[PDB]
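A.B. asks: Pasting a structure below so you can have a look.
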Amino acid sequence: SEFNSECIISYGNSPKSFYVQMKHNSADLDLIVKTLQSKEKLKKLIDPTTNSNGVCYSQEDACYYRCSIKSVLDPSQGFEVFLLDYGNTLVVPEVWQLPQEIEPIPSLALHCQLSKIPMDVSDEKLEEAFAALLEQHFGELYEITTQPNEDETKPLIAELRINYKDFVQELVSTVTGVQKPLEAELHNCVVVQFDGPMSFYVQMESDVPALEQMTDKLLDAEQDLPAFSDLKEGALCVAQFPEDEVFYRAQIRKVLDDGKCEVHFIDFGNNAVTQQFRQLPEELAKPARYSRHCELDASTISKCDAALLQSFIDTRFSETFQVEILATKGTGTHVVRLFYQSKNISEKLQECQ
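The sequence shown maps to residues 2161 to 2198, 2201 to 2515 in the authors' numbering.
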């Protein structure tokens, strides 16, 4: 299963059936694609049958893809195939063999279905809204949590979250005209590390449970985690924090001389240097970070005295604030609007903050 993992929707008409690709596999897909641009060579499947997996060419996309025969048709027209790493379905005239490089990698497209779908809705409607929302986003990353399903012939049961909003909520909204509680645009959180309006960190109250769990699983499996050696730059792993003497998910920021490095705790959004390093299980590498990097929208940064701001936040370091997300930069940081007890920070500040 996947838990709060970052992904994208490769294919999908309705919320009752769609395909997702994990960012935590972007590495392998990158391989397939490239190691797939390798005409002269070829083959013909093992007496092509159902479930057989070979390759196929797309006139439309003008390229190859890892295939899978869904239906063997009259020779007049090839086969009905399922694109393994996308979820698409084409009718290719001819297949081939699976180059013994790629042959081991499993299909990278997860077949999902929203956990809750709006009762009493025509699919012409559902699919329209669905299609609308996917377009209403694109480029950005979704966050998914799955769980297998009873019927093995059905898609995985998934919960999608885009920009801290429940996908079905946005769905129901789009499907009914119905506008939406502006309160939905705000999200409770705490500022775990403030060092300027262009850069601070917060934890979403909605992620607190997940964070705790992660904190457990680590502690438990802590004792028996191998040592981390390849101290490259930006390499993930667990790493002990001095003042704490605990192991957290971290990323190497600056490799120092010694077996010492500066790491950034991606779950608590703070840095420190440590001697300890241990491998991070893939299981605990799927979930997105739990600390969120932020910067205020320009209008706010403008209307505010960098001075008071720092102070105010210091005084209430453990208090809950709320953030409205305006955009996510490429790096992964959010441009946000900050609020205190629902009043805009820039307003709260002017009148004895």
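Don't be surprised by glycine CBs; every beta carbon is placed ideally from N, CA and C.
1. Kindly provide the ranges of any beta strand (DSSP E) runs that are 3 or more residues long and lie completely inside the region 2354-2424, ordered along the chain.
2. Does DSSP classify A2489 as helix, strand or coil?
3. Please name the residue, chosen from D2459, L2191, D2419 and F2329, that lies closest to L2393 on a Cα-to-Cα basis.
4. Since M2366 and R2499 should fall inside the 8 Å C-beta cutoff, what is the C-beta to C-beta distance between them, to a whole number of angstroms?
5. Once DSSP output is grouped into helix, strand and coil, what is the label at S2233?
6. Which residues bound the alpha helix (DSSP H) around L2204?
7. Return yes when the Cβ of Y2452 is within less than 8 Å of the Cβ of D2369, no when it is not.
8. Along the alpha helix (DSSP H) that carries residue 2200, what are the first and last residues, could you check?
9. Going straight from the alpha carbon of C2423 to that of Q2437, what length do you get?
10. Rounded to the nearest angstrom, how far is the Cβ of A2271 from that of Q2181, given a contact under 8 Å?
11. Which whole-angstrom value describes the C-beta separation of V2417 and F2409, a residue pair presumed to lie in contact below a C-beta threshold of 8 Å?
12. Taking the alpha helix (DSSP H) that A2450 falls in, what are its first and last residues?
13. Hey, quick one: how far does the beta strand (DSSP E) through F2163 stretch, first residue to last?
14. At the level of alpha carbons, what is the spacing between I2279 and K2176?
15. In chain order, which continuous runs of the alpha helix (DSSP H) of length 4 or greater are located wholly inside the region 2281-2316?
16. Using only CA atoms, which one of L2442, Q2375 and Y2363 lies nearest to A2397?
17. Quick one: residues in its chain with C-beta nearer than 7 Å to the C-beta of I2267, no 5 flanking neighbours on either side, listed in chain order?
18. Can you tell me which of the three DSSP states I2319 falls into?
19. Based on Cα-Cα distance, which residue from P2343, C2274, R2411 and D2459 lies nearest to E2305?
20. Using a Cβ-Cβ cut-off of 8 Å (strictly less than) and excluding sequence neighbours within five positions of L2204, which residues of its own chain qualify?
21. Buried or exposed, going by whether 16 or more other CB atoms sit within 10 Å of the CB of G2431?
22. Please indicate yes or no: does the CB of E2486 lie closer than 7 Å to some heavy atom of the ligand MG?
23. Which residues bound the beta strand (DSSP E) around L2272?
24. Helix, strand or coil for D2467 per DSSP?
25. Assign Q2181 to one of three DSSP states: helix, strand, or coil.
26. Which residues share a DSSP beta bridge with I2169?
27. Would you list the residues sitting across from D2328 in a DSSP beta bridge?
28. With respect to the alpha helix (DSSP H) encompassing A2224, which residues constitute its N-terminal and C-terminal limits?
29. Quick one: what does DSSP say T2251 is sitting in, helix, strand or coil?
30. Have a look at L2458 and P2359 and give me their C-alpha separation to the nearest angstrom.
31. Figure out for me which residue from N2506, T2212, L2511 and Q2375 has the closest Cα to the Cα of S2473.
32. Take every Cβ of the region 2478-2496, pair it with every Cβ of the region 2216-2236, and state whether three or more of those distances are shorter than 8 Å.
33. So if DSSP puts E2457 in a beta bridge, which residue, or which two residues, is it bridged to?
34. Could you please give the first and the last residue of the uninterrupted beta strand (DSSP E) stretch that includes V2435?
35. Output needed for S2269: all residues of its chain with C-beta closer than 8 Å, excluding positions within five of it in sequence on either side, in chain order.
36. What does the Cβ neighbour count give for residue 2199, buried or exposed, with the cut at 16 atoms within 10 Å?
C.D. replies: If we stick to the structure as given:
1. 2362-2366, 2398-2403 and 2408-2417
2. strand
3. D2419
4. Not confirmed; about 15 Å, so no contact.
5. strand
6. Premise fails: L2204 is in no alpha helix (DSSP H) and is neither H nor E.
7. yes
8. Here residue 2200 is not present, the numbering of the chain passing from 2198 to 2201 in one jump.
9. 7 Å
10. 6 Å
11. At roughly 19 Å, the Cβ-Cβ gap does not stay under 8 Å, so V2417 and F2409 are not in contact.
12. No alpha helix (DSSP H) contains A2450, which DSSP labels as neither H nor E.
13. Premise fails: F2163 is in no beta strand (DSSP E) and is neither H nor E.
14. 7 Å
15. 2285-2297
16. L2442
17. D2188 and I2192
18. strand
19. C2274
20. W2258 and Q2259
21. buried
22. This structure simply doesn't include the ligand MG, nor any ligand for that matter.
23. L2272 to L2276
24. coil
25. strand
26. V2180
27. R2323
28. Here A2224 belongs to no alpha helix (DSSP H), and DSSP marks it neither H nor E.
29. strand
30. 6 Å
31. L2511
32. no
33. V2497
34. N2432 to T2436
35. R2228, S2230, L2246 and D2247
36. Coordinates for residue 2199 are absent; the numbering of the chain skips from 2198 straight to 2201.
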